[PDB]
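In the working numbering, the protein residues as written are 105 to 232.
One structure is given below, encoded as structure tokens.
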Amino acid sequence: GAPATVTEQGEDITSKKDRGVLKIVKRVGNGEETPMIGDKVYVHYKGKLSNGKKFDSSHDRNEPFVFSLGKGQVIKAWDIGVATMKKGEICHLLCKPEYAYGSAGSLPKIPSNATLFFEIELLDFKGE
Ligand SMILES: COc1ccc(CC[C@H]2OC(=O)[C@@H]3CCCCN3C(=O)[C@@H](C3CCCCC3)NC(=O)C3(CC3)NC(=O)COc3cccc2c3)cc1OC
């Protein structure tokens, strides 16, 4: 499935070039602008452990998820990955533990040393 395809063929979007954050565009977005550090960004998403059977269903998929880009409000993989998205884009993102919850995890749902997989839809962003 998509997690395996992204693992094998995804673009490495990390500064270290450690394949720690891998991306494949699912739906091409609009324009060329991407969100900038400090912007408020608004997304829809689905996430899971990369080997999991189903996407987690413990948020309202209709409500935007909002955060300030590049401020460490979300896991590193999202700060890196959302920065690369155009408005309207949907991507797949595969996140190795160092760019997610690392050795501590977030128990019980996220074990220690967990690789994560997301589908992210960028709705909007603004610099206000
Ligand atoms: C700077 O590093 C961090 C900053 C914040 C956190 C707290 C968790 C943070 O969640 C995430 O960053 C990511 C990506 C944004 C959507 C949610 N998320 C998750 O990992 C998922 C997760 C669920 C289980 C399968 C794997 C993905 N979390 C969720 O979807 C839920 C259940 C609903 N939890 C939350 O969204 C809790 O609220 C927030 C709100 C902001 C940041 C994070 C969590 C953890 C961090 O490092 C470990």
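Quick reminder that beta carbons are idealized off the backbone N, C-alpha and C, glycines included.
Expected contact under 8 Å - CB spacing of residue i and residue j to nearest Å
i: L197; j: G185; result: 5 Å
i: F171; j: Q177; result: 4 Å
i: residue 233; j: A181; result: With the chain covering only 105 through 232, there is no way to say anything about residue 233.
i: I128; j: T109; result: 7 Å
i: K230; j: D143; result: 6 Å
i: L227; j: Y149; result: Wrong, their Cβ atoms sit about 10 Å apart, outside the cutoff.
i: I194; j: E223; result: 6 Å
Buried or exposed (CB count within 10 angstroms, at least 16 for buried), residue i
i: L211; result: exposed
i: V132; result: exposed
i: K120; result: exposed
i: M140; result: exposed
i: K200; result: buried
i: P107; result: buried
i: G135; result: exposed
i: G114; result: buried
i: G124; result: buried
i: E225; result: buried
i: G151; result: buried
i: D122; result: exposed
i: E137; result: exposed
i: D164; result: exposed
Identity of the residues DSSP links to residue i by a beta bridge
i: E115; result: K127
i: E223; result: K150, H196
i: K230; result: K144
> Which residue spans inside the stretch 172-220 form an unbroken beta strand (DSSP E) run of at least 3?
Replying inline: Correct list: 194-199.
>> Which complete beta strand (DSSP E) runs does the stretch 132-172 hold, if anything under 3 residues is left out?
In response: Every beta strand (DSSP E) of 3 residues or more that sits fully in the stretch 132-172 is shown, in chain order, as 144-153, 169-172.
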